[PDB]
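Here you get one chain, nothing else, as structure tokens; it is the form deposited in one PDB entry.
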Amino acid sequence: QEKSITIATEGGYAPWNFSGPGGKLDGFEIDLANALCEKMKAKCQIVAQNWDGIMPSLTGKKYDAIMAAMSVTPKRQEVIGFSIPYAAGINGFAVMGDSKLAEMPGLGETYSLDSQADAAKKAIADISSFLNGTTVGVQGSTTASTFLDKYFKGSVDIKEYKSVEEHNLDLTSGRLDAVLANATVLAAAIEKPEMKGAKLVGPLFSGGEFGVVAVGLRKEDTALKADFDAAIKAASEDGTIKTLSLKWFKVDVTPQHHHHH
């Protein structure tokens, strides 16, 4: 009876999905896939693969599902099917603890830009005047880069970087006073030893503009989408996602109801 589906991942984006000794895949998405497959009553094989042909391999029926921090976009929806989201994009600020900026009492608030925009707009105003005149770092060509441009332009000096590590290295130096980045990336980076003193400050921002992550499936595989959708829904309500999210990321990525069928 039981379905045997192959799940593809990148294997090079810790703590979401990362490589092992001979071939042991680990991370948030691996523990989540194992959990969803148990909810589905399916046998699953997780394979790591270069993103290049992940993709023609899925449309070619070599793979049946993709779990590689894959954002739902209008372009991807034209070519592939998507499950309901299993993670929502979250951005936050990090400063050095010994700095006067380390006390934005907006900790540890979490505001949706879609369902709590009122609380979000009031919070970004509190921040814009606290951060007034400061040099804020960000990785160029991201949702955090766009967010900082839309709401924090004029209030702060914005410096774009080509990696999170490069802006984090200039925060410890004093070159930058604050960084804004994906909260899963940020909490991981501040665990590095040359990153001691740095801490997550102010509120967490979630919303559709930060994107959402879901399972990539064949556009024709409507039954597999129905199976993933039921398991994702159950994993969201019983707190399986919150658990794994906090375990790997120290932040809760569980999405909201409005990102439904």
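Numbers follow the displayed sequence, beginning with 1.
The same protein has a further form, the form deposited in another entry, not shown here; the description that follows concerns it.
Asker: If the chain is split into two rigid parts moving between the shown form and the other one, is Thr142 assigned to the same part as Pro74?
Answerer: Different rigid bodies, so no.
Asker: Assuming the CA distance changes by 3 angstroms or more, are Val138 and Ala14 closer together or farther apart in the other entry compared with the shown structure?
Answerer: Closer is correct, given that in the other entry the C-alpha spacing of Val138 to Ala14 is reduced by at least 3 Å.
Asker: Having a change of 3 Å or more in the C-alpha distance between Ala189 and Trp51, I'd like to know whether it is closer or farther in the other entry than in the form here.
Answerer: The answer is closer, because the C-alphas of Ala189 and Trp51 approach each other in the other entry by 3 Å or more.
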